[PDB]
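Chains as they are written, first to last, in the deposited numbering: chain B, 25 to 189; chain C, 26 to 189; chain A, 41 to 189; chain C', 26 to 189; chain B', 25 to 189; chain A', 127 to 189. A prime marks a further copy of an entry chain. Even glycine gets a Cβ: it sits at the ideal position worked out from N, Cα and C. Some notes on the structure that comes next.
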Amino acid sequence: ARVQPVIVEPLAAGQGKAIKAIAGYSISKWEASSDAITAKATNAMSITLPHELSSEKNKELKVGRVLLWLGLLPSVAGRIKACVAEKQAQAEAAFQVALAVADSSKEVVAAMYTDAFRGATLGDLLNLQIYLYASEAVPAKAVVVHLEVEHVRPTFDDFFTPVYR
Amino acid sequence: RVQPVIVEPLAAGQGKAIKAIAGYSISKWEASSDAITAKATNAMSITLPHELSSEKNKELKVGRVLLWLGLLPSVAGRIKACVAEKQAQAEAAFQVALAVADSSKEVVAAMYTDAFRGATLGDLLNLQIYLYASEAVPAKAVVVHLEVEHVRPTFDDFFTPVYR
Amino acid sequence: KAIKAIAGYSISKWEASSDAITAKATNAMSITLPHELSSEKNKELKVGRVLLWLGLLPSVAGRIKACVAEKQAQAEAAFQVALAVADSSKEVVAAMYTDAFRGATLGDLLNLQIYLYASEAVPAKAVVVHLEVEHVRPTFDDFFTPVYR
Amino acid sequence: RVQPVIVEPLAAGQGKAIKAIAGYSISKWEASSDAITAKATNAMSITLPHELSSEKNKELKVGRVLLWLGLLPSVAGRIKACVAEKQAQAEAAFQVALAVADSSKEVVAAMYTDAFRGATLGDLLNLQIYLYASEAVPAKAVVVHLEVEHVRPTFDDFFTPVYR
Amino acid sequence: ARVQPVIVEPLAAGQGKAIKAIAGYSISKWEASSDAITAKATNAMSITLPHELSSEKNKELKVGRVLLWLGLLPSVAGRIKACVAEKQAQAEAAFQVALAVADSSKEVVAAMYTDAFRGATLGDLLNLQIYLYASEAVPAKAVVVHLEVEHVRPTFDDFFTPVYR
Amino acid sequence: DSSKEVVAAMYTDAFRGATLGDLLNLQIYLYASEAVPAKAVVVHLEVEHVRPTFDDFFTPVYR
């Protein structure tokens, strides 16, 4: 019946292990700026592949895990939720099947879909659609949905282009 | 196994001294700001102390960087701060922001232990911390201390040769 | 067959659509690093090989040629000092120079602009240069940004 | 034995870097002066840089101390300088002076490798360098650099604990 | 208590060890001809990089040590001092922070900044500015400020140029 | 030539074993088909040669 004591230092923000990609997989980051949204209404947005990866080479890689996370303009008072999903027929219904969901209210603001993508093709995500919801009325540009993702290494990017070789 | 354990509740300033990785050094300097209105975002430039001004000195790799900020006690509401390059849209830095400090959160700091590795101090010039306020606040009520690792210059150990 | 990237590094591509061009007259285009690489962390990587080649909307006749050098007064002498030169006239439109920019910061690339020269004018957006720069892979390779953003 | 040997004639700035004895550090700082008339002696006070102002810092043993001074080229005649405590008779410091620098002498410096050992920086405050001039000279034409060993404070190696 | 004797032969001018660059570093020499200067006034001059090294390749090497030295027209009676420094706001003030300074009056006439450059980029020296001062009035061309310097080896000069390879 | 797709011309053969001092005893030539204004053309020699023993280091300071 040992009674181990323990100091519990709060971390300063930004400190942390900050995860690690499993080997053979290259991470890739990009953005999707928001539409203006009316209060309570749940606007939805297409994922758009980066032009870097818009090529039909890499459309058939394999996603490993997605780390959506969400910045804000530095003054939106209300809760603002978001997640990705199917091509849902009712935007509110989409949250009802969300495996995980970002929220302003939960200290950290990060979804991480450890599972429900591994290992679908990268190309199909264009079928998939992010969603978001907000209590406060929010003006355009105000929210910006980062999303990390990674693939198997796009191994054949490395060569330049031919002509004139 | 099931184990008992007992929480440490522990006093301010007790947090143990993080030490910069070996062969390095630290440069703490003040950075006062001004005015800053109701909701708008001030965008003060950063500036190295003159000890760092020597042209030899300017090209050293930065390591880790930190930014805690001591609010004057007499401020209502929330303020936040961030470090990123000169976007024309001053609020927009928070979107691209790597980490941000906040008053209401129990600790006000924003270490960027990645973010700036390998950066030359010379390019740390063209970097501007921003600010934001939930309220109108009196000028010079916020003083973003920050300090960077910068590799120690060979300069500190020697007297100058006497022929000057 | 194709030229492999140097083993320590990783190539990255972009686009740089040019403005409208007057006949005989020439005009600078600034390089602008793509959003990702602009970062202060990032704009201190070393650079090796670099090459550009430029597509044309096919409906344009006449010589056009491009070069890369730092800005100077004439804005039409840079061809004299240019280390290589893209052209439509040669069967290969490409121009490349493995030599000239070994050992350079990408941040240095900001201090130079590319040039064009039609023999006779073409409408805007008709020409689009493609830089294709080699550089050291980012330590940004790493992984996901820590979730406490 | 009789031996041949051959003189080194050697360029300014070639004199090898004296290094302060181990475990120490150096604090170089400027010290401009003013006015200074025909034969009279100005008596400027010395003042530590704010990095040294921290109250922890003020109590460290000094080691060696040096004082070279860069005359602006456009000065006629001779000038000299010295470091000693506030005698009421300002010229009189040269009498008690331990070592003095001089323009006409080929090298302008005045190390005091003894003299100040074990001195606290706090008492280095109440110490005033003097000046003297063989001629009238325009103000701010003489800038006594000096630097002291002072033992390195533990301060430079650590980030502050984040709770501020 | 040995009493060693010793002949002290004066060297003839030009004799001497004449220093040596530390390995991996290639020395490079060049010039900067003077403006006419009025007496007592302290004219200042831009360092201008040689066109050989004006290229943005080698702007980011690392200077090792600079050996300014100064020839004269063979009849300038007065003292003539010089040194390099910052972008100073008062040319006289610049000598007040000179680590070392050339002088006509000290037998040899050579500055050698063993320290305060190692190891800044070669490119930044364009920010730096030489200075000079003279008692006698001096006509143009009369003074010419040599300066040695060296870099890490500009290793990739060695290849020619492509086209047509 | 301008006419060939590559304007370069080079000759690894012709000047092996030659003093640079010998290069003084020769001149380059041009030939427009039709006239062009001055400074429009700029040749670039690019000569290989043995590295100087001037490599050495700093000139002795007693100049």
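Checklist entry - For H175 of chain C', does the count of other Cβ atoms within 10 angstroms reach 16, so buried, or fall short, so exposed? => result Counting from 1 along the fourth sequence, the entry for residue 175 of chain C' is found at position 150. The Cβ neighbour count for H175 of chain C', taken over all protein chains shown within 10 Å, is at least 16; the residue is labelled buried.
Next on the checklist: 7 Å is my cut-off, CB to CB: does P74 of chain B come that close to chain C?
Outcome noted: The sequence position of residue 74 of chain B within the first sequence is 50, counting from 1. No - not a single Cβ of chain C is within 7 Å of the one on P74 of chain B.
Next on the checklist: Excluding the 5 residues flanking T145 of chain B on each side, which residues of the same chain have their C-beta closer than 8 Å to its C-beta?
Outcome noted: As a first step, residue 145 of chain B must be located in the first sequence, where it is residue number 121. Excluding sequence neighbours, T145 of chain B sits near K83, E84, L85, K86 and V87.
Next on the checklist: Using only the alpha-carbon positions, how far apart do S99 of chain B' and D139 of chain A sit?
Outcome noted: Numbered from its first residue, the fifth sequence carries residue 99 of chain B' at position 75. Numbered from its first residue, the third sequence carries residue 139 of chain A at position 99. Their backbone Cα atoms lie some 48 Å apart in a straight line.
Checklist entry - What is the DSSP secondary structure of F180 of chain C, counted as helix, strand or coil? => result The residue labelled residue 180 of chain C in the question sits at position 155 within the second sequence. Helix.
Item to check | Residues sharing a beta bridge with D127 of chain B', DSSP | outcome: Working through the fifth sequence from its first residue, we reach residue 127 of chain B' at position 103. DSSP output for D127 of chain B' lists no bridge partner at all.
Next on the checklist: For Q114 of chain A, would you say it is in contact with chain A', using Cβ-to-Cβ distances shorter than 7 Å as the test?
Outcome noted: On the third sequence, residue 114 of chain A is found 74 positions in, with the first residue counted as 1. It does not; no Cβ of chain A' falls within 7 Å.
Next on the checklist: Check for me: the alpha helix (DSSP H) holding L146 of chain A runs from which residue to which?
Outcome noted: By 1-based counting over the third sequence, the position of residue 146 of chain A is 106. Looking at the DSSP string, the run of the alpha helix (DSSP H) that includes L146 of chain A is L146 to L149.
Item to check | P178 of chain C versus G48 of chain C' - alpha carbon distance | outcome: Along the second sequence, read from residue 1 onward, the residue named residue 178 of chain C stands at position 153. Along the fourth sequence, read from residue 1 onward, the residue named residue 48 of chain C' stands at position 23. In a straight line, the C-alpha of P178 of chain C is about 16 Å away from that of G48 of chain C'.
Item to check | chain A within 7 Å of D127 of chain C, Cβ atoms only | outcome: Position 102 of the second sequence, counted from the first residue, corresponds to residue 127 of chain C. No, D127 of chain C does not count as interfacial toward chain A.
Checklist entry - Is it a yes or a no for the segment 149-162 of chain B' touching the segment 96-114 of chain B', going by three-plus beta-carbon pairs under 8 Å? => result yes
Next on the checklist: In this structure, how does DSSP classify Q153 of chain A when only helix, strand and coil are distinguished?
Outcome noted: In the third sequence, counting from the first residue as 1, residue 153 of chain A sits at position 113. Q153 of chain A falls in the strand class under three-state DSSP.
Item to check | Of the listed residues A:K41, A:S58 and A:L73, nearest to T66 of chain A (C-alpha basis) | outcome: What you label residue 66 of chain A is simply residue 26 of the third sequence in a count that begins at 1. Of A:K41, A:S58 and A:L73, the residue nearest in Cα terms is A:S58.
Checklist entry - Which chain A residues are close to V169 of chain A', counting only those with a beta carbon under 7 Å from its beta carbon? => result Position 43 of the sixth sequence holds residue 169 of chain A'. Those within 7 Å of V169 of chain A' in chain A number zero; the least Cβ separation is about 10 Å.
Checklist entry - When burial is assigned at 16 or more other CB atoms within 10 Å of the CB, is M136 of chain A' buried or exposed? => result For the purposes of this step, residue 136 of chain A' is taken as residue 10 along the sixth sequence, with counting starting at 1. It counts as exposed.
Next on the checklist: Looking at chain B', is there any beta carbon in it that lies within less than 7 Å of the beta carbon of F141 of chain A'?
Outcome noted: On the sixth sequence, position 15 is the one that residue 141 of chain A' refers to. No, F141 of chain A' does not count as interfacial toward chain B'.
Checklist entry - Between the Cα of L94 of chain C and the Cα atoms of C:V32, C:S78 and C:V168, which residue gives the shortest distance? => result Here residue 94 of chain C is taken as the residue at index 69 of the second sequence, counted from 1. Comparing Cα positions, the closest option is C:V168.
Item to check | chain A residues whose Cβ lies nearer than 8 Å to that of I51 of chain B | outcome: Here residue 51 of chain B refers to the residue found at position 27 when the first sequence is read from its first residue. Residues of chain A passing the Cβ test: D181, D182, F183 and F184.
Item to check | Within chain B, partners of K83 of chain C - CB distance below 8 Å | outcome: Position 58 of the second sequence, counted from the first residue, corresponds to residue 83 of chain C. Near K83 of chain C there are no residues of chain B at all, since even the closest Cβ is about 26 Å away, more than 8 Å.
Checklist entry - Looking at the C-beta of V87 of chain C, does it have a partner C-beta in chain B at a distance below 7 Å? => result For this step, residue 87 of chain C is matched to residue 62 along the second sequence. False, the Cβ-Cβ gap to chain B never drops below 7 Å.
Next on the checklist: Please state whether the Cβ-Cβ distance between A42 of chain B' and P186 of chain A' is less than 7 Å.
Outcome noted: Position 18 of the fifth sequence, counting from 1, holds the residue named residue 42 of chain B'. Position 60 of the sixth sequence, counting from 1, holds the residue named residue 186 of chain A'. By the CB criterion at 7 Å, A42 of chain B' and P186 of chain A' fall inside the cutoff.
Checklist entry - What residues of chain B' sit near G48 of chain C', judged by a beta carbon separation below 7 Å? => result The residue given as residue 48 of chain C' occupies position 23 in the fourth sequence. Under the 7 Å cutoff, chain B' gives no residues; its nearest Cβ is about 22 Å from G48 of chain C'.
Checklist entry - Under a CB-based cut-off of 7 Å, is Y155 of chain B' close to chain C'? => result Translated into positions along the fifth sequence, residue 155 of chain B' becomes position 131. At a cut-off of 7 Å between C-beta atoms, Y155 of chain B' does not count as an interface residue with respect to chain C'.
Checklist entry - What is the rounded straight-line gap between the Cα of residue 230 of chain C' and the Cα of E131 of chain B'? => result Residue 230 of chain C' falls outside the range modelled here, since chain C' spans only 26 to 189, and no answer is possible.
Next on the checklist: So, at 6 Å on beta carbons, what are the nonlocal neighbours of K53 of chain B in its own chain, with the 5 sequence-adjacent residues on each side left out?
Outcome noted: Counting from one through the first sequence, the residue named residue 53 of chain B turns up at place 29. The beta carbon of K53 of chain B sits closer than 6 Å to those of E172, all from its chain and outside the five residues before and after it, given in chain order.
Next on the checklist: Quick check on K83 of chain B: does DSSP put it in helix, strand or coil?
Outcome noted: As a first step, residue 83 of chain B must be located in the first sequence, where it is residue number 59. Looking at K83 of chain B - three-state DSSP - the assignment turns out to be helix.
Item to check | Minimum C-alpha distance to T62 of chain B - residue among B:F183, B:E55 and B:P163 | outcome: Counted from its first residue, the first sequence places residue 62 of chain B at position 38. Among B:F183, B:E55 and B:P163, the Cα nearest to that of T62 of chain B belongs to B:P163.
Checklist entry - Which of the three DSSP states, helix, strand or coil, is assigned to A115 of chain B'? => result Counting from 1 along the fifth sequence, the entry for residue 115 of chain B' is found at position 91. Three-state result, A115 of chain B': helix.
Next on the checklist: Which residue wins for smallest C-alpha separation from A115 of chain C, given the options C:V133, C:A126, C:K64 and C:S78?
Outcome noted: Taking the second sequence and counting its residues from 1, the one referred to as residue 115 of chain C is at position 90. Looking at the Cα atoms, C:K64 is the closest of the given residues.
Item to check | Any non-hydrogen atom of the ligand SAM within 6 Å of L150 of chain A CB | outcome: As far as ligands go, the structure on display features none, and thus does not contain the ligand SAM.
Checklist entry - What span of residues does the beta strand (DSSP E) with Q28 of chain B cover, start to end? => result Reading the first sequence from its first residue, position 4 is the one you call residue 28 of chain B. Here the beta strand (DSSP E) through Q28 of chain B covers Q28 to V30.
Checklist entry - Once you ignore the five residues that flank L97 of chain A on each side, which residues in its own chain have a CB closer than 7 Å to its CB? => result Stepping through the third sequence from its first residue, residue 97 of chain A is reached at position 57. So the list reads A166, once near-sequence residues are dropped.
Checklist entry - Under 7 Å Cβ-Cβ, which residues of chain C neighbour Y188 of chain C'? => result Start at 1 with the first residue of the fourth sequence, and residue 188 of chain C' comes out as number 163. Near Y188 of chain C' (Cβ distances below 7 Å), the residues of chain C are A37, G38, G40 and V132.
Checklist entry - chain C beta carbons: is any one of them nearer than 7 Å to that of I31 of chain B? => result By one-based count along the first sequence, residue 31 of chain B stands at place 7. Chain C, which has a Cβ nearer than 7 Å to the Cβ of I31 of chain B, makes this yes.
Checklist entry - Between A124 of chain B' and chain C', is there a C-beta pair that is closer than 7 Å? => result Stepping through the fifth sequence from its first residue, residue 124 of chain B' is reached at position 100. Contacts with chain C' at 7 Å (Cβ-Cβ) include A124 of chain B'.
Item to check | Beta carbon proximity, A45 of chain C to chain B, threshold 7 Å | outcome: Against the second sequence, residue 45 of chain C aligns to sequence position 20. By this cut-off, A45 of chain C is not an interface position.
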